[PDB]
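Following: one structure in structure tokens, then a few remarks.
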Amino acid sequence: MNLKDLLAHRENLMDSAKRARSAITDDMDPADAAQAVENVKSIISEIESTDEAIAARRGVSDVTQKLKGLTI
């Protein structure tokens, strides 16, 4: 995917991590609550990793454009 897609993707992950943690109300069963927390930690792990993809994409064109400008 391209940058615009990566940003939408990141925001979807953040959105779904939030619907997921909202669902963990303290009237839920301990077993389910523990599983649900496991699922949120996993989605957040993917958010972090997408953040890196975004940083890499932004950085690479920042860098290329600067290399170019330092040539000679």
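Only this structure's heavy atoms are used, side chains among them; waters, hydrogens and symmetry mates stay out. Numbering starts at 1 and runs along the sequence shown.
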Query - Pairwise side-chain contact, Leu6 with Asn2, heavy-atom cut-off 4.5 Å (strictly under) - result: no

Requested in this report: Would you indicate whether the side-chain heavy atoms of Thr50 and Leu7 approach each other to under 4.5 Å?
Outcome: no

How many angstroms lie between atom [atom1] of [X] and atom [atom2] of [Y], to the nearest 0.5 angstrom?
| X | Y | atom1 | atom2 | value |
| --- | --- | --- | --- | --- |
| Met14 | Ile43 | CE | CD1 | 10.5 Å |
| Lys41 | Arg21 | NZ | CZ | 11.5 Å |
| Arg10 | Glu48 | CZ | CD | 9.5 Å |
| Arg57 | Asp5 | CZ | CG | 9.0 Å |

Query raised in the report: So, does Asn12 use its side chain to make a donor-acceptor pair with the main chain of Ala8 at under 3.5 Å?
Result: yes

Requested in this report: For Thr64 and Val60, indicate whether the former's side chain and the latter's backbone hold a donor-acceptor pair under 3.5 Å.
Outcome: yes

Requested in this report: Please report the shortest heavy-atom distance between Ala36 and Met28, naming the atom on each side.
Outcome: CB-CE, 4.4 Å

**Report entry** Atom of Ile24, atom of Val40 and distance for their closest heavy-atom approach
**Finding:** CD1-CG2, 4.2 Å

Query - Hydrophobic cluster identity match, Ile47 and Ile54, side-chain contacts under 4.5 Å - result: no

Query raised in the report: Could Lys66 and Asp62 be called an ion pair, given the rule that one side-chain N must be under 4.0 Å from one carboxylate O?
Result: no

Requested in this report: Please check if atom CD1 in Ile72 has more than 12 non-hydrogen atoms from other residues, nucleotides or ligands closer than 6.0 Å.
Outcome: no

